[PDB]
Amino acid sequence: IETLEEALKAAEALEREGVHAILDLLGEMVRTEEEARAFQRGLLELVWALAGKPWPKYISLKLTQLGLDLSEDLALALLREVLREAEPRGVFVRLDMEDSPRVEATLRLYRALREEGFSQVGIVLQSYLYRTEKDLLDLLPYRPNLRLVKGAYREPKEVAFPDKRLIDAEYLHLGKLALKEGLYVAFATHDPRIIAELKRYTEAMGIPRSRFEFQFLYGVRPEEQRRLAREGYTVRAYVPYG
């Protein structure tokens, strides 16, 4: 998948099988505010093309591609402009969580936008960081729509659990904590141990299937994806393009 057209066909094919799509525009690495605005135009194109596609409309983005480090204010201003367009079309925008020095700014942006009244925006939290439980607790008043991941970056042992056993343990802790608090939670993991435990837990707790989902990368464990959709789970696959 390279182009938007190829990505939207991929979404079509998933939908035939009861699985949903998350569209993720990757661009060249944004080096300047002008590049952040060019990336923004690619996002506005994405929103436009998803508009009145009949199925659920979800995009994922990286805030560094809107110039987060160059200027948080500008990244916020450009994201706001995107959400003003996306909200009225029913397009949900997930803010992908990047590496640890960018976490505080990411949460400030999310909080700011929520406080302005946008509601079809979510966050990602990563179980490998020490800081994540407090971030989750701090965010409960906002009622976040939350995607839970383990974490994709090499991080130092002062900020992240060094042990994979601890990373996995924190994932289940945070997941259950979020669900017990009433948040919609997307579980973005391939780990069959964690998936089995979460299916067990939601059943035992009587958490309806409409309150959580599973997320997989496009093409990874595709049988499992179809199996979960057949059992009535909300399942999404993440489709990068660009």
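Start at 1 with the first residue shown and count on from there.
- Relative to its counterpart among 126-134 and 154-162, 154-162 has the higher mean temperature factor, C-alpha atoms as listed in the PDB entry.
- Of the two segments examined, 211-219 and 62-70, it is 211-219 that shows the higher average Cα temperature factor in the deposited entry.
- For residue 191, the recorded CA temperature factor ranks within the middle third of the chain's modelled residues.
- The deposited CA B-factor of residue 116 belongs to the highest third of values across its chain.
- Residue 197: CA B factor in the lowest third of modelled residues in this chain (values from the PDB entry).
- The entry lists a Cα temperature factor for residue 205 that places it in the middle third of the chain's modelled residues.
- Among all modelled residues in this chain, the alpha-carbon of residue 38 has a temperature factor (C-alpha) in the lowest third.
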